[PDB]
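input_29.cif follows (mmCIF, N, CA and C atoms):
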data_protein
loop_
_atom_site.label_atom_id
_atom_site.label_comp_id
_atom_site.auth_asym_id
_atom_site.auth_seq_id
_atom_site.Cartn_x
_atom_site.Cartn_y
_atom_site.Cartn_z
N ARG A 59 0.81 -1.19 0.00
CA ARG A 59 0.00 0.00 0.00
C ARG A 59 0.84 1.23 0.00
N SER A 60 2.00 1.20 0.69
CA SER A 60 2.86 2.35 0.78
C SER A 60 3.63 2.60 -0.49
N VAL A 61 3.62 1.64 -1.44
CA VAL A 61 4.17 1.88 -2.75
C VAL A 61 3.30 2.85 -3.50
N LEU A 62 1.97 2.60 -3.52
CA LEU A 62 1.03 3.39 -4.29
C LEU A 62 0.91 4.78 -3.73
N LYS A 63 0.78 5.77 -4.63
CA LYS A 63 0.73 7.17 -4.31
C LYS A 63 -0.61 7.70 -4.77
N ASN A 64 -1.52 6.78 -5.16
CA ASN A 64 -2.82 7.05 -5.73
C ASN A 64 -3.82 6.44 -4.77
N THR A 65 -3.38 6.18 -3.51
CA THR A 65 -4.02 5.29 -2.58
C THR A 65 -5.33 5.87 -2.15
N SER A 66 -6.42 5.26 -2.63
CA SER A 66 -7.75 5.51 -2.17
C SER A 66 -8.53 4.37 -2.76
N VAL A 67 -7.82 3.29 -3.13
CA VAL A 67 -8.40 2.16 -3.78
C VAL A 67 -7.82 0.99 -3.09
N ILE A 68 -6.70 1.17 -2.35
CA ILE A 68 -6.08 0.09 -1.62
C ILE A 68 -6.90 -0.16 -0.40
N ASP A 69 -7.51 0.89 0.17
CA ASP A 69 -8.41 0.71 1.28
C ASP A 69 -9.68 0.05 0.80
N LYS A 70 -10.09 0.33 -0.47
CA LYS A 70 -11.27 -0.25 -1.05
C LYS A 70 -11.13 -1.73 -1.25
N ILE A 71 -10.05 -2.17 -1.92
CA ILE A 71 -9.86 -3.57 -2.18
C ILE A 71 -9.37 -4.32 -0.97
N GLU A 72 -8.69 -3.66 0.00
CA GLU A 72 -8.31 -4.30 1.24
C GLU A 72 -9.51 -4.70 2.04
N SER A 73 -10.45 -3.74 2.19
CA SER A 73 -11.68 -3.99 2.89
C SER A 73 -12.61 -4.89 2.14
N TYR A 74 -12.56 -4.90 0.79
CA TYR A 74 -13.42 -5.75 -0.01
C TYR A 74 -12.99 -7.19 0.07
N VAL A 75 -11.67 -7.43 0.11
CA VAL A 75 -11.12 -8.75 0.25
C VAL A 75 -11.38 -9.26 1.63
N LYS A 76 -11.16 -8.42 2.66
CA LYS A 76 -11.37 -8.85 4.02
C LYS A 76 -12.82 -8.99 4.38
N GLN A 77 -13.73 -8.26 3.68
CA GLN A 77 -15.16 -8.45 3.78
C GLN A 77 -15.62 -9.77 3.26
N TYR A 78 -15.20 -10.11 2.02
CA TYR A 78 -15.64 -11.29 1.32
C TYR A 78 -14.63 -12.38 1.54
N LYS A 79 -13.89 -12.33 2.67
CA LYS A 79 -12.86 -13.28 3.01
C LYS A 79 -13.33 -14.72 3.01
N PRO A 80 -14.49 -15.14 3.51
CA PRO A 80 -15.16 -16.34 3.02
C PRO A 80 -15.52 -16.19 1.55
N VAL A 81 -14.84 -16.93 0.64
CA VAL A 81 -15.01 -16.74 -0.79
C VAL A 81 -15.82 -17.92 -1.28
N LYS A 82 -15.91 -18.98 -0.45
CA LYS A 82 -16.73 -20.12 -0.70
C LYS A 82 -17.07 -20.69 0.64
N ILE A 83 -18.27 -21.29 0.77
CA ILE A 83 -18.72 -21.89 2.00
C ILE A 83 -18.47 -23.37 1.88
N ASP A 84 -18.30 -24.04 3.04
CA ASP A 84 -17.99 -25.45 3.18
C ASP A 84 -18.97 -26.38 2.50
N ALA A 85 -18.45 -27.56 2.10
CA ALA A 85 -19.24 -28.63 1.56
C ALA A 85 -18.81 -29.84 2.33
N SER A 86 -19.77 -30.50 3.02
CA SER A 86 -19.59 -31.87 3.44
C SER A 86 -20.81 -32.59 2.92
N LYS A 87 -20.60 -33.37 1.85
CA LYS A 87 -21.65 -34.06 1.15
C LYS A 87 -21.37 -35.52 1.30
N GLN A 88 -20.13 -35.87 1.72
CA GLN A 88 -19.73 -37.21 2.02
C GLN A 88 -20.09 -37.39 3.47
N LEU A 89 -21.36 -37.75 3.71
CA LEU A 89 -21.83 -38.16 5.00
C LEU A 89 -23.16 -38.80 4.77
N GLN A 90 -23.73 -38.65 3.55
CA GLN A 90 -24.97 -39.25 3.17
C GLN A 90 -24.68 -40.34 2.18
N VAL A 91 -23.67 -40.13 1.32
CA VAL A 91 -23.39 -41.04 0.25
C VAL A 91 -22.41 -42.04 0.76
N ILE A 92 -21.45 -41.61 1.63
CA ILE A 92 -20.43 -42.49 2.13
C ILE A 92 -20.98 -43.55 3.04
N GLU A 93 -22.02 -43.24 3.85
CA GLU A 93 -22.61 -44.25 4.70
C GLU A 93 -23.40 -45.25 3.93
N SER A 94 -24.07 -44.83 2.83
CA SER A 94 -24.89 -45.72 2.03
C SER A 94 -24.01 -46.71 1.31
N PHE A 95 -22.91 -46.19 0.76
CA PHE A 95 -21.93 -46.91 0.01
C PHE A 95 -21.24 -47.89 0.89
N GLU A 96 -20.94 -47.45 2.13
CA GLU A 96 -20.28 -48.25 3.11
C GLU A 96 -21.14 -49.39 3.56
N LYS A 97 -22.48 -49.21 3.65
CA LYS A 97 -23.37 -50.31 3.98
C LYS A 97 -23.40 -51.42 2.98
N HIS A 98 -23.57 -51.11 1.67
CA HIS A 98 -23.56 -52.12 0.63
C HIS A 98 -22.24 -52.81 0.53
N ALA A 99 -21.14 -52.03 0.59
CA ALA A 99 -19.79 -52.52 0.55
C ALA A 99 -19.48 -53.44 1.69
N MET A 100 -19.88 -53.06 2.92
CA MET A 100 -19.63 -53.83 4.12
C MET A 100 -20.35 -55.13 4.07
N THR A 101 -21.63 -55.11 3.65
CA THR A 101 -22.47 -56.28 3.51
C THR A 101 -21.85 -57.28 2.59
N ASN A 102 -21.48 -56.83 1.37
CA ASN A 102 -20.89 -57.64 0.34
C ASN A 102 -19.55 -58.20 0.76
N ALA A 103 -18.74 -57.38 1.46
CA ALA A 103 -17.42 -57.73 1.94
C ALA A 103 -17.49 -58.85 2.94
N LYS A 104 -18.41 -58.72 3.93
CA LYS A 104 -18.62 -59.68 4.98
C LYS A 104 -19.15 -60.98 4.45
N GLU A 105 -20.08 -60.92 3.47
CA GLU A 105 -20.63 -62.06 2.78
C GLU A 105 -19.55 -62.87 2.13
N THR A 106 -18.65 -62.20 1.38
CA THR A 106 -17.52 -62.82 0.74
C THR A 106 -16.63 -63.45 1.77
N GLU A 107 -16.31 -62.71 2.86
CA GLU A 107 -15.38 -63.14 3.87
C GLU A 107 -15.81 -64.40 4.56
N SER A 108 -17.08 -64.43 5.02
CA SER A 108 -17.65 -65.57 5.71
C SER A 108 -17.77 -66.77 4.81
N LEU A 109 -18.10 -66.52 3.53
CA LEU A 109 -18.32 -67.55 2.55
C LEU A 109 -17.06 -68.31 2.26
N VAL A 110 -15.97 -67.57 1.95
CA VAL A 110 -14.69 -68.15 1.65
C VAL A 110 -14.02 -68.76 2.86
N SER A 111 -14.21 -68.19 4.08
CA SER A 111 -13.67 -68.76 5.30
C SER A 111 -14.25 -70.13 5.54
N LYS A 112 -15.59 -70.26 5.36
CA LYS A 112 -16.32 -71.50 5.46
C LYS A 112 -15.80 -72.51 4.47
N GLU A 113 -15.60 -72.08 3.20
CA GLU A 113 -15.14 -72.93 2.13
C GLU A 113 -13.76 -73.46 2.36
N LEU A 114 -12.87 -72.65 2.98
CA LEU A 114 -11.50 -73.02 3.27
C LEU A 114 -11.45 -74.21 4.18
N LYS A 115 -12.26 -74.16 5.27
CA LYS A 115 -12.34 -75.20 6.25
C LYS A 115 -13.05 -76.41 5.71
N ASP A 116 -13.98 -76.22 4.75
CA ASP A 116 -14.69 -77.29 4.09
C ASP A 116 -13.74 -78.10 3.25
N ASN B 1 24.08 31.28 -9.22
CA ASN B 1 24.05 32.39 -10.20
C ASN B 1 23.06 32.00 -11.24
N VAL B 2 23.51 31.25 -12.27
CA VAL B 2 22.66 30.66 -13.28
C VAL B 2 21.83 29.60 -12.62
N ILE B 3 22.41 28.96 -11.57
CA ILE B 3 21.81 27.92 -10.77
C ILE B 3 20.61 28.50 -10.10
N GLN B 4 20.80 29.70 -9.51
CA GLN B 4 19.79 30.41 -8.78
C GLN B 4 18.68 30.78 -9.72
N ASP B 5 19.03 31.25 -10.94
CA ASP B 5 18.07 31.69 -11.92
C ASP B 5 17.19 30.54 -12.30
N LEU B 6 17.79 29.36 -12.56
CA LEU B 6 17.08 28.19 -13.00
C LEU B 6 16.14 27.75 -11.93
N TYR B 7 16.62 27.75 -10.66
CA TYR B 7 15.94 27.24 -9.49
C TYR B 7 14.66 28.01 -9.36
N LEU B 8 14.81 29.35 -9.47
CA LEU B 8 13.81 30.33 -9.20
C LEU B 8 12.71 30.12 -10.19
N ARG B 9 13.11 30.05 -11.49
CA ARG B 9 12.22 30.03 -12.62
C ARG B 9 11.41 28.77 -12.55
N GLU B 10 12.09 27.62 -12.32
CA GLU B 10 11.51 26.32 -12.47
C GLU B 10 10.44 26.16 -11.45
N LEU B 11 10.79 26.47 -10.18
CA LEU B 11 9.92 26.17 -9.07
C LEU B 11 8.70 27.03 -9.17
N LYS B 12 8.95 28.35 -9.31
CA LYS B 12 7.93 29.36 -9.27
C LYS B 12 6.96 29.37 -10.40
N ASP B 13 7.47 29.27 -11.64
CA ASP B 13 6.74 29.80 -12.78
C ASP B 13 5.85 28.78 -13.41
N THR B 14 6.01 27.50 -13.05
CA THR B 14 5.18 26.47 -13.59
C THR B 14 5.40 25.42 -12.57
N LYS B 15 4.39 24.55 -12.42
CA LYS B 15 4.39 23.47 -11.49
C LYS B 15 3.74 22.38 -12.29
N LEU B 16 3.17 21.36 -11.61
CA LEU B 16 2.41 20.31 -12.24
C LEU B 16 1.23 20.83 -13.03
N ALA B 17 0.97 20.15 -14.16
CA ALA B 17 -0.18 20.36 -15.01
C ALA B 17 -1.30 19.50 -14.47
N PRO B 18 -2.55 19.69 -14.88
CA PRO B 18 -3.68 18.84 -14.51
C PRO B 18 -3.49 17.37 -14.80
N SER B 19 -4.21 16.50 -14.06
CA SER B 19 -4.08 15.07 -14.12
C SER B 19 -5.11 14.60 -13.13
N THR B 20 -6.07 13.78 -13.61
CA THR B 20 -7.21 13.35 -12.83
C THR B 20 -7.08 11.88 -12.58
N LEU B 21 -7.53 11.46 -11.36
CA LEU B 21 -7.57 10.11 -10.87
C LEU B 21 -8.51 9.29 -11.70
N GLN B 22 -9.60 9.92 -12.18
CA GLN B 22 -10.60 9.31 -13.03
C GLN B 22 -10.00 8.82 -14.34
N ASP B 23 -9.10 9.63 -14.95
CA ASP B 23 -8.43 9.31 -16.19
C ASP B 23 -7.53 8.11 -16.02
N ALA B 24 -6.93 7.98 -14.81
CA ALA B 24 -6.04 6.91 -14.40
C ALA B 24 -6.71 5.57 -14.46
N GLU B 25 -8.02 5.52 -14.11
CA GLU B 25 -8.83 4.33 -13.97
C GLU B 25 -8.84 3.55 -15.25
N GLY B 26 -8.89 4.26 -16.40
CA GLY B 26 -8.92 3.68 -17.72
C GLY B 26 -7.68 2.85 -17.97
N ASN B 27 -6.53 3.30 -17.43
CA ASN B 27 -5.24 2.73 -17.71
C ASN B 27 -4.87 1.63 -16.74
N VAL B 28 -5.72 1.33 -15.73
CA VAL B 28 -5.42 0.31 -14.73
C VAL B 28 -6.52 -0.69 -14.81
N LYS B 29 -6.31 -1.89 -14.20
CA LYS B 29 -7.30 -2.94 -14.17
C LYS B 29 -8.10 -2.73 -12.90
N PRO B 30 -9.42 -2.59 -12.92
CA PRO B 30 -10.18 -2.23 -11.73
C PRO B 30 -10.58 -3.50 -11.03
N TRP B 31 -10.81 -3.43 -9.70
CA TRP B 31 -11.30 -4.52 -8.89
C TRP B 31 -12.66 -4.95 -9.33
N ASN B 32 -12.89 -6.28 -9.35
CA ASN B 32 -14.14 -6.87 -9.72
C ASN B 32 -14.34 -8.04 -8.79
N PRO B 33 -15.53 -8.64 -8.66
CA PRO B 33 -15.80 -9.49 -7.51
C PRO B 33 -15.36 -10.89 -7.86
N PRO B 34 -15.13 -11.80 -6.91
CA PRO B 34 -14.88 -13.20 -7.20
C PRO B 34 -16.22 -13.91 -7.18
N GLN B 35 -17.06 -13.69 -8.23
CA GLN B 35 -18.43 -14.17 -8.29
C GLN B 35 -18.50 -15.66 -8.21
N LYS B 36 -19.56 -16.17 -7.53
CA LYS B 36 -19.86 -17.56 -7.31
C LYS B 36 -19.14 -18.04 -6.07
N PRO B 37 -19.80 -18.72 -5.14
CA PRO B 37 -19.13 -19.49 -4.11
C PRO B 37 -18.57 -20.71 -4.78
N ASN B 38 -19.35 -21.32 -5.71
CA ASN B 38 -19.03 -22.51 -6.46
C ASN B 38 -19.28 -23.72 -5.60
N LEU B 39 -20.53 -23.86 -5.11
CA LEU B 39 -21.00 -25.00 -4.35
C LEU B 39 -20.95 -26.28 -5.17
N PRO B 40 -20.36 -27.38 -4.71
CA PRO B 40 -20.45 -28.66 -5.38
C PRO B 40 -21.71 -29.31 -4.89
N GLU B 41 -22.33 -30.18 -5.72
CA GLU B 41 -23.61 -30.76 -5.44
C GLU B 41 -23.36 -32.23 -5.33
N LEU B 42 -24.02 -32.89 -4.34
CA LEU B 42 -23.81 -34.27 -4.00
C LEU B 42 -24.11 -35.19 -5.16
N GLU B 43 -23.23 -36.19 -5.37
CA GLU B 43 -23.34 -37.14 -6.44
C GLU B 43 -23.35 -38.50 -5.80
N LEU B 44 -24.16 -39.41 -6.39
CA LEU B 44 -24.23 -40.82 -6.11
C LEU B 44 -25.00 -41.12 -4.86
N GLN B 45 -25.84 -40.17 -4.39
CA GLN B 45 -26.68 -40.36 -3.23
C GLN B 45 -27.65 -41.50 -3.42
N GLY B 46 -27.87 -42.29 -2.34
CA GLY B 46 -28.78 -43.41 -2.30
C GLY B 46 -28.17 -44.69 -2.81
N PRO B 47 -28.78 -45.83 -2.49
CA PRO B 47 -28.39 -47.13 -2.98
C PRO B 47 -28.80 -47.38 -4.41
N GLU B 48 -29.27 -46.36 -5.17
CA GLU B 48 -29.60 -46.51 -6.57
C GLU B 48 -28.37 -46.89 -7.35
N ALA B 49 -27.25 -46.22 -6.99
CA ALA B 49 -25.94 -46.45 -7.53
C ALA B 49 -25.44 -47.81 -7.16
N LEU B 50 -25.62 -48.19 -5.88
CA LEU B 50 -25.14 -49.42 -5.29
C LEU B 50 -25.73 -50.64 -5.89
N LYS B 51 -27.07 -50.62 -6.12
CA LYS B 51 -27.77 -51.71 -6.74
C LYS B 51 -27.30 -51.84 -8.15
N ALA B 52 -27.10 -50.67 -8.82
CA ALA B 52 -26.63 -50.60 -10.17
C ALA B 52 -25.25 -51.21 -10.27
N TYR B 53 -24.33 -50.84 -9.34
CA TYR B 53 -22.95 -51.28 -9.33
C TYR B 53 -22.80 -52.74 -9.02
N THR B 54 -23.59 -53.29 -8.05
CA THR B 54 -23.52 -54.68 -7.66
C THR B 54 -23.87 -55.54 -8.83
N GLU B 55 -24.98 -55.16 -9.51
CA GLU B 55 -25.49 -55.85 -10.66
C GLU B 55 -24.64 -55.70 -11.90
N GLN B 56 -24.19 -54.45 -12.19
CA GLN B 56 -23.58 -54.08 -13.45
C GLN B 56 -22.29 -54.75 -13.76
N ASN B 57 -21.35 -54.79 -12.80
CA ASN B 57 -20.09 -55.43 -13.05
C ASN B 57 -20.04 -56.50 -12.01
N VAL B 58 -20.12 -57.74 -12.55
CA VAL B 58 -20.15 -58.97 -11.82
C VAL B 58 -18.79 -59.61 -11.89
N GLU B 59 -17.78 -58.93 -12.52
CA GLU B 59 -16.46 -59.49 -12.71
C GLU B 59 -15.83 -59.70 -11.37
N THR B 60 -15.55 -60.99 -11.08
CA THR B 60 -14.99 -61.43 -9.83
C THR B 60 -13.51 -61.26 -9.80
N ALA B 61 -13.02 -61.15 -8.55
CA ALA B 61 -11.66 -60.96 -8.15
C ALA B 61 -10.91 -62.23 -8.44
N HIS B 62 -9.80 -62.13 -9.20
CA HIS B 62 -8.97 -63.25 -9.50
C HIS B 62 -7.55 -62.74 -9.24
#
Taking this structure as input, can you express it in the form of structure tokens?
Amino acid sequence: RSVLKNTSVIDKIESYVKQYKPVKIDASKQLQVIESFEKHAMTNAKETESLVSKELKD
Amino acid sequence: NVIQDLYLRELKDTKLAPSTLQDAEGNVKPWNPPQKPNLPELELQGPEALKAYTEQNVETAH
């Protein structure tokens, strides 16, 4: 700011940047899809695991 | 002597000419907003995908 000698715009953009300092708001969308995915995955995983464990001993 | 004459003349008899801040604006890039937060929208919600995926690729692990 002390470089500029036309300074009446550095206060403008300083305050505008610090005003709009949140430039994007948070996203957590992986809490609805991740649990659903995890349920099907877990089910299938466990099914495979138990099935093959049984077969090994058979 | 001549130094004094020059000093006197220069300082006194003319100074800066007009020059407006408004005219300056044209020659500089002005501040503009960072429009859009740019929210991402949830993808693959529900077991619609899951049923599709379980069924769709049946290729077993080898």
Counting only N, CA and C atoms, select every polymer residue within 6.5 Å of (-21.3, -28.0, -0.2) as defined in the file's coordinates, and provide the selection as a PyMOL selection string. (chain A and resi 83-87) or (chain B and resi 39-41)
Given the file shown, enumerate the residues that the PyMOL selection byres ((chain A and name CA) within 8 of (chain B and name CA)) captures and present them as a short mmCIF file (atom, residue, chain, number, x, y, z; two decimals) with N, CA and C atoms, in the coordinates of the input.
data_model
loop_
_atom_site.label_atom_id
_atom_site.label_comp_id
_atom_site.auth_asym_id
_atom_site.auth_seq_id
_atom_site.Cartn_x
_atom_site.Cartn_y
_atom_site.Cartn_z
N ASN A 64 -1.52 6.78 -5.16
CA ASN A 64 -2.82 7.05 -5.73
C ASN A 64 -3.82 6.44 -4.77
N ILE A 71 -10.05 -2.17 -1.92
CA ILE A 71 -9.86 -3.57 -2.18
C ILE A 71 -9.37 -4.32 -0.97
N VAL A 81 -14.84 -16.93 0.64
CA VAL A 81 -15.01 -16.74 -0.79
C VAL A 81 -15.82 -17.92 -1.28
N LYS A 82 -15.91 -18.98 -0.45
CA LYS A 82 -16.73 -20.12 -0.70
C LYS A 82 -17.07 -20.69 0.64
N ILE A 83 -18.27 -21.29 0.77
CA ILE A 83 -18.72 -21.89 2.00
C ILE A 83 -18.47 -23.37 1.88
N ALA A 85 -18.45 -27.56 2.10
CA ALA A 85 -19.24 -28.63 1.56
C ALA A 85 -18.81 -29.84 2.33
N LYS A 87 -20.60 -33.37 1.85
CA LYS A 87 -21.65 -34.06 1.15
C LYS A 87 -21.37 -35.52 1.30
N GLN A 88 -20.13 -35.87 1.72
CA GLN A 88 -19.73 -37.21 2.02
C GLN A 88 -20.09 -37.39 3.47
N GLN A 90 -23.73 -38.65 3.55
CA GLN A 90 -24.97 -39.25 3.17
C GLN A 90 -24.68 -40.34 2.18
N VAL A 91 -23.67 -40.13 1.32
CA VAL A 91 -23.39 -41.04 0.25
C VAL A 91 -22.41 -42.04 0.76
N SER A 94 -24.07 -44.83 2.83
CA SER A 94 -24.89 -45.72 2.03
C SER A 94 -24.01 -46.71 1.31
N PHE A 95 -22.91 -46.19 0.76
CA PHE A 95 -21.93 -46.91 0.01
C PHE A 95 -21.24 -47.89 0.89
N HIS A 98 -23.57 -51.11 1.67
CA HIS A 98 -23.56 -52.12 0.63
C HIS A 98 -22.24 -52.81 0.53
#
Looking only at the backbone, which of the residues in chain B does DSSP tag as helix (DSSP H, G or I), as a ChimeraX atom specification? /B:2-13,21-26,48-56
Exactly which residues make up the result of the PyMOL selection byres (((chain A and resi 59 and name CA) around 12) and name CA) on this file, given as JSON, numbers by chain? {"A": [60, 61, 62, 63, 64, 65, 66, 67, 68, 69, 70, 71, 72]}
One decimal, in Å: what's the spacing between atom CA of residue B:58 and atom N of residue A:93? 22.3 Å
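The two atoms in question, atom CA of residue A:112 and atom CA of residue B:56, are spaced 26.7 Å apart.
Atom pair atom CA of residue A:76 / atom CA of residue B:26 has a distance of 25.2 Å (rounded to one decimal).
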